[PDB]
Structures are given as C-alpha cells and as structure tokens.
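I have placed the structure first, in the form of structure tokens, so that the comments after it can refer back to it.
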Amino acid sequence: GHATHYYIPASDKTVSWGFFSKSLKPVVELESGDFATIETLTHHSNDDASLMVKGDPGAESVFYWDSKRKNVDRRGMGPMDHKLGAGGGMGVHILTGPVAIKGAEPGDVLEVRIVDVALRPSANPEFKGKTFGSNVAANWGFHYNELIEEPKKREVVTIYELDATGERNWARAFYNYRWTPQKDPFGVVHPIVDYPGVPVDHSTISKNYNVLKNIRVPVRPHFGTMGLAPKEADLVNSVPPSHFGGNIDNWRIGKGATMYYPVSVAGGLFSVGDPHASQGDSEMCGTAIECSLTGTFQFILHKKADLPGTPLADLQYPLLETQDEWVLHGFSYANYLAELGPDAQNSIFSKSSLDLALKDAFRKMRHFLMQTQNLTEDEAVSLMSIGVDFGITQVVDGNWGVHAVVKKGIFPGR
Amino acid sequence: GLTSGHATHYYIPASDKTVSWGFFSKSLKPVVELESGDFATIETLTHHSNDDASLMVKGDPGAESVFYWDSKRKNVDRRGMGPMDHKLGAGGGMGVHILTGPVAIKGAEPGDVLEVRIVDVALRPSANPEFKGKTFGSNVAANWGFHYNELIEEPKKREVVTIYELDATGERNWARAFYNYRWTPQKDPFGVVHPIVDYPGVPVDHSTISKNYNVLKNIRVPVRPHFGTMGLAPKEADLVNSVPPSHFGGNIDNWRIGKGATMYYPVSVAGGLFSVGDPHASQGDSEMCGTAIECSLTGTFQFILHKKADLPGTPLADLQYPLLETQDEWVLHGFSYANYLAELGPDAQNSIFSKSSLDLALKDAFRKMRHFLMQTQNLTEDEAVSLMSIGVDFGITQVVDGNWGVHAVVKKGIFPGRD
Ligand SMILES: [Cl-]
Ligand SMILES: [Mg+2]
Ligand SMILES: [Mg+2]
Ligand SMILES: [Mg+2]
Ligand SMILES: [Mg+2]
C-alpha cells in the first residue's frame, strides 16, 4: 500500500536558527521505518539575496527582515536582548526540525539513512538551472590570525555557482568581496560577520568577478549539522558538534551515507541544516560552500536492548556507514556539554584541540574494534596504526574534529 | 647524442659499510656520488628485524652484517645522535632508523631542490628456507606511541610486538598477522637491560617472551609499501636525530611515499647527501601506536637536480619543505615546526619531543599550502584561503616522531595550469 513519508519544507514555521533544544515542539512525529524529505537552507543566503533568497518563498519566509519585522528573530542560544540581535549569533545554523521518533528513549540509537540529496535551485530567472552558495573566510576561521596580505584583519565572501541539475559535477567561483560594515534593518552595525543572516547592501561592497579562474572544485554535497537534541541544556549552541551529532562538518555525510546517533532525550528530536555543496577536510577558513539542499531520509530506531552484538553496541557518538567504510567522529571533548561542566558553551571555544580530538578518535576506534569486531586491545592498537586513516574534520566549530576511516572489506565479519 | 650506451645506475646493498643508524649528518662521507638523471637501486633494512631474527635476520648476509652484536663488539655501534658512552648504548637510541647512504649529487648547492623519483619497490625476501616467497615485518605498540598512556586492559603499561607475514612476490596484496607478544625486559649482549624498547636493534630472546598466534584472525591488511625516512642531511647541525622530520625530509611516515611517488627536498648542504631507510610494508595515517609494519624493502630511484635559478614559475618555486607528487595529486607536509632545528634553537633535538602539536602542524600545513597556491598556482591569498577550505583535504601523517605531521592533499586535475 503506502509507506509513511513526510515532506518538511523550509520556512519560518519549520526551522530553528542557531540552537538545538530538547523542549522545542516537533514539526512532525514519525515511526521507525518512515521517510521524510526535508528541505534545508543555508544561513549564508543573504550574502547574495538576489541569487539565494529573492523569488524563493521558503527562503523569503526565513530571511525576512525589515525595520518593521523579522520573521525569525532568535538566531543562536543567547539572550533575546543580546546587543548583536536576539540569540546573539551564539549558533548560526538554520535547523529544520525537530523530528520526533515514536518510542525513542534515552539509550536508544537512531539510524538516519541519507538516500538522496538535491541542490535547491535558485529562483532567479536569469539563472535557471543553477544554485548558488557562499564560502566565507571568517573571523572564527583557523586562517584568520595568519593572514599576510594587508589588511590582515579581513573577512572575504566568495560566491560559487553550482549546476542544480547535477549534470556538471564541479563548482565555479562567481565573484568575491571583502566584508564591509553592514547595518542591519534594526540599525545594528556589523563590521565583522558576528550575527547570521544580515542582508548585505550590494552598493557597499566591491565585487571581484575573476576569481579562482578555471578551477573546477569537486562537488561533495552534505549536511554540515545533523543530530539529536542533547539533555544537558535547554538551549544549545548549534556550532559545536558533540556526542549527539550536530555540526560535525564531515563532507562525507551526504547521499549514500547512513548516520547513527545516540538518543539522549525521549522522542530523539532530530534536526538537520547547515547544508554544504562541498568542503575540504579541515574547513580551514571557517565555512564550506554554504549552499541550500533538500534531502530524503529514512529513520530507523534501534532499541538499547538490541544493540549488543552489532556495530551499534554501546554506541555513544556519531557513527557514519557507507557501503564500503565505517567513519567514526572524534572531538576535542566527546561530550563537551558534560565534560566542560556548566560553562561548557562558553569555555569550549577556549579549549579547542586537535590533539585531544585524536585522543578521542583513538578511544572510539578502539571501542568500535573491541566491542563490534571481536578484537583485543592489542589487536585493535596494531590494526589502527596500519589500517585505519585518521583525518582532520574541522578546526572551526569550537569542539574540533578528527575522523577515523576503516574499510569494511578487510574484516571477516561476525 | 643518438648513440646507444650505458646509463649510470648504482646498486647499494644494505650492510655495515653502507648504513648509518639513527642519524643524519652532513659530515658523513657519501657511499656514492652520482649525477643528475642517474639511478640507484638501494636496499633498506628495518631496524625491527631483531624482533624475530629467525624471520628477518638469520641467513640474510646484509641483515646479519648490520645486526651483529656479541659480548665483545657490534658491527654498527652508534645508534642515534647521542653520546658514544650513553648508558643505553652508543648513540643513546636518540634516533632509531637504519639509513642507507649518503648519496651525493654532483653540483647540488644549498638553495637547489632535489627530485627523487621512486620508480620501483620490492619486499626484501626472508632468507628463512621454511618461508620461501615470504617477507616478515614487525609492528610495535611502543612507549612513544600516542596510545601508550591510554591503555585500558591490564597490564596498562606494556609494549606489544606484532609480527606480520607478507607475500614477497606481491601476488597477494595484503598482510596477515602471524603472532604477537608483550615486550619483557631484554638484556643485550653488553649486559644492559632494556625494560622498554629504549634502544634499537636489541636481539629479543624468545625464551623470555610468550607468543600468541593467529591474532587479527582473517583480517586482510592492505599493503602500502613506503619509505618512512628519506631526505637530505641538513646544514643546521652535525649529528641529527633521525626520528623527527623537518624541512630536509627525514622520518615523514607518510604511507604515500612509495612506488610511483616523486619527492622533492630543499638542498641545504653541498652534495645534497640523500639517505633512505625505515622501510614500511603498510601504515595508516597517524601511525598511532608508534610504528608501522616495519619491514625491509629495496627501492629503485632516479635523482634529478633542480638549480635554484630554475625554480621560479614551477611547482618548486621557493620550495622549503618536502613536497610529494603522484600522477594525480600534490601532497604537502606540515610539521609542528617547519624547521625545528632553526626554530627551537640549540636544545631543539630535545625540546621537539615536548613541543609536539597537531594544532601547530596544521598551522604549518596552512602556510605551506597557501605558499604553494600563491607562488605556483597564481592565486591571491583570498583565493587560496577559499580553495583550501573547499578543495584541499588535510590529514594526520603521524603523531609519534616528536615533530608531528599533517599533510595537505590537492588534486592536479582541478587546475587550469600555467598559461
Ligand atoms: Cl646506436
Ligand atoms: Mg557546519
Ligand atoms: Mg556550514
Ligand atoms: Mg618512521
Ligand atoms: Mg618505521
């Protein structure tokens, strides 16, 4: 007959901007086995509204901001009266959701199969068949303290053109510009990119169109931010990833990937956003090609009682599976909210470390190998030195990330 | 000319006459001097061969020459850059790798770049007649490994030797664990007891250890043969510990530095003074436990000299670090300190082991990729910064050699190339 398949469009009614929250009312509640097509929006759409907002009803509904109203006021987990704007930009990602999963209990694991991904086409009739994205070299980027050309303190927006049909499998830089102070419709001036979704006045910037000429950047569409609401606080900054998932910024989290997240609160409360058209391992400059995407997902609940003796045994972190690999996500702190105590959401940005992240990845790969692949500690330690590759996920989200990749094909299986 | 004739191709066998153990040195006399365009086939030996002498030394004349140690003498006494009278043994184990060389390159001057084409690699076959067609390697989970302070099973402080079996013919393209054992204190022929693996090449007495066979059962580990340590003697000091990689190359431990790879190193001493060793059968990105599958290899190489004056407008422009080229990629090597000898001063060879940082290694990789993009691919700083965020992948090379390593990988095919 009929499988259950929800459609969640991106609008001011279906997203939260810059935070996860266990207390948010779900947009929908589905059952294990059900599907959802979920539209997501890049929070960088107002870097060029003509290309990424205007004419797009969903984007317009989220980004609307004039002197007389702002459709989505809170952006981040901070005070409503924050001087930069409600939420303080303490968290910047537009998160479609939450999605509740019937019967999901703390200690369960949720499987999310990413079965398809499509670029959100531009509504601009001049660019039919194209989608645009934005890469911002930002004040929170790992490069920022290292620039050598004057002015050494600068932020730079680079707009990329993508083929929304997927016929062309590479991105083309369209133009770049240095960020100049932008006064928002409520009168707050932003001399750096300190608050998300501010409409840029294109009469106040100077565009350079000849950029990255004839360089063909491979497309790797993925969702930067995807996960389940954590228990430790009612409002959680969307920027740092953790045990619950979130803003992992692993380019591999896209079509054909299956993610597994530990459930920390009843109903699970899944959200997805921060769509990217492509990204490198490190996300050096602070962002990817930030670009709107629609995904189709299947949700499968795994009960705690059924985890032992499977790859999900005692799973406490975000685990990625493809047809041929497992990819494990280490962070500077495995659960930064718990491990850094009450002040975690402030202190994490002062405590970032790749060395800690690799230690964490070591622990997780040891666990995976010991608890799911029948290896002793000594076996796991040897194998991971010779047959696991560890890479840098991102160094720009406060809780930094290292991933560990192992091929399925080497193992005899259970 | 158009007349046929012989090219110059040296053969350097591994022996006590052709290796130095645990150090680079600009003062070492070259074993061979060759010219740009010339070849050498160079045998290398793993410094872990005495983890099982029956498999990796006995009956192998070259290995026997290097590893010989009786109550009265060692054929290769210095192992490391340290004092000849160090308590552990000559050299102090301050550096552990058996390095075949040095090879001098005629006309190489400080400021030049040496290209080294790795054109072929062969496993060094075991001489053990019971294992014809096989080569053995050793992976040691060691005291200097990133895991060592993190172990959860008792005894929590332990080192573990895992011996692997390889097909020397290359027909089978994967490695099989043979056995493992915990390191127990080993008394060397001079009577010095080594409770941890603190000095290289100690003959393990197999009556003092307990072997576990059939470990990692039915796991097929891919083979990725490479040279862990390869590079040029640096100018900054006279004896230099082989463990930390740097500007001159050395102990990079990038699994990609094998057959079909071309390396480029900045020359800092006249003659270049190239050596190669620390052969590996396979390794993962991080070299987590302290070592790879440490396994003897023979390579064939071509040496091509690039004069300082000819570097501009090429990928080698102002090259100051080890650069790897394959058919489809460039791979740049960042380290906690780009030139740790120059940057850390007189105590460098000690302090590097306390100053290790992946954060710093990534900052260095950032600088190096910025330089490559700006100086070789005609990109502005803003263009480079954007591109490396979206189209360069940064990985962890190793975290066990003091000067820790991050590599940046970019695909050649994305670029329009120089017009
Ligand atoms: Cl002829
Ligand atoms: Mg992100
Ligand atoms: Mg993003
Ligand atoms: Mg090495
Ligand atoms: Mg080695």
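Chains as they are written, first to last, in my numbering: chain A, 4 to 417; chain B, 11 to 429. Even for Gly, the Cβ is constructed at its ideal location relative to N, Cα and C.
Verify the contact flag: residue i, CB atom, against every heavy atom of ligand 2, threshold strictly below 7 Å.
i: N250 (chain A); result: yes
i: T43 (chain A); result: no
Does residue i have its Cβ less than 8 Å from a Cβ in chain B?
i: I208 (chain A); result: no
i: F414 (chain A); result: yes
i: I104 (chain A); result: no
i: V203 (chain A); result: no
i: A140 (chain A); result: yes
i: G390 (chain A); result: yes
i: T134 (chain A); result: no
i: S356 (chain A); result: yes
i: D381 (chain A); result: yes
i: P321 (chain A); result: no
So with Cβ pairs under 8 Å, would you call residue i a contact of chain A?
i: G294 (chain B); result: yes
i: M398 (chain B); result: yes
i: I162 (chain B); result: yes
i: residue 2 (chain B); result: Residue numbering for chain B in the displayed model covers 11 to 429; residue 2 (chain B) lies beyond these limits and cannot be assessed.
i: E304 (chain B); result: no
i: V253 (chain B); result: no
i: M298 (chain B); result: yes
i: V106 (chain B); result: no
i: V341 (chain B); result: no
i: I362 (chain B); result: no
Assign residue i to buried or exposed, taking buried as 16 or more other Cβ atoms, counted over all protein chains shown, within 10 Å of its Cβ.
i: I229 (chain B); result: buried
i: residue 438 (chain A); result: There is simply no residue 438 (chain A) to check, as chain A begins at 4 and stops at 417 in what is shown.
i: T218 (chain B); result: exposed
i: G36 (chain A); result: exposed
i: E152 (chain A); result: exposed
i: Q319 (chain A); result: exposed
i: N377 (chain A); result: exposed
i: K167 (chain B); result: exposed
i: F135 (chain A); result: buried
i: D403 (chain B); result: buried
i: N138 (chain A); result: buried
i: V106 (chain B); result: buried
i: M55 (chain A); result: buried
i: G117 (chain B); result: exposed
i: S292 (chain B); result: buried
i: residue 6 (chain B); result: Residue 6 (chain B) is absent from the model: chain B starts at 11 and stops at 429.
Which residues mark the beginning and the end of the alpha helix (DSSP H) in which residue i is found?
i: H370 (chain A); result: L357 to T375
i: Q408 (chain B); result: Segment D403 to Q408 is the beta strand (DSSP E) holding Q408 (chain B); no alpha helix (DSSP H) there.
i: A347 (chain A); result: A347 to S350
i: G61 (chain A); result: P60 to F66
i: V384 (chain A); result: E380 to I389
i: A341 (chain A); result: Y339 to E342
i: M66 (chain B); result: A63 to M66
Starting from residue i and walking both ways along the beta strand (DSSP E), at which residues does that stretch end?
i: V126 (chain B); result: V123 to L133
i: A151 (chain B); result: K144 to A151
i: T239 (chain B); result: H236 to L242
i: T110 (chain B); result: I108 to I115
i: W184 (chain B); result: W184 to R192
i: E175 (chain B); result: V170 to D177
i: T324 (chain B); result: Looking at the DSSP string, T324 (chain B) is not in any beta strand (DSSP E), and its letter there is neither H nor E.
Quick check: is any heavy atom of ligand 3 less than 7 Å from the C-beta of residue i?
i: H279 (chain A); result: yes
i: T290 (chain A); result: yes
i: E297 (chain B); result: no
i: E163 (chain B); result: no
i: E158 (chain A); result: no
Any heavy atom of ligand 5 closer than 7 Å to the CB of residue i?
i: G238 (chain B); result: yes
i: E339 (chain B); result: no
i: residue 3 (chain B); result: Lying outside 11 to 429, the shown extent of chain B, residue 3 (chain B) is not represented and no answer is given.
If contacts are defined as beta-carbon pairs under 8 Å, then residue i and residue j qualify, I think. What distance do you get, rounded to the angstrom?
i: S335 (chain A); j: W403 (chain A); result: 5 Å
i: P199 (chain A); j: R123 (chain A); result: About 18 Å; that fails the 8 Å criterion.
i: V171 (chain B); j: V86 (chain B); result: Not a contact, Cβ separation roughly 21 Å.
i: residue 2 (chain B); j: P112 (chain B); result: In the structure displayed, chain B extends from 11 to 429; residue 2 (chain B) sits before or after that span and is not available.
i: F226 (chain A); j: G298 (chain A); result: 7 Å
i: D392 (chain B); j: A140 (chain A); result: 7 Å
Beta carbon shell of ligand 6 at less than 5 Å from a heavy atom: Questions concerning ligand 6 fall outside what the structure shown contains, since the ligands it does hold are ligand 1, ligand 2, ligand 3, ligand 4 and ligand 5.
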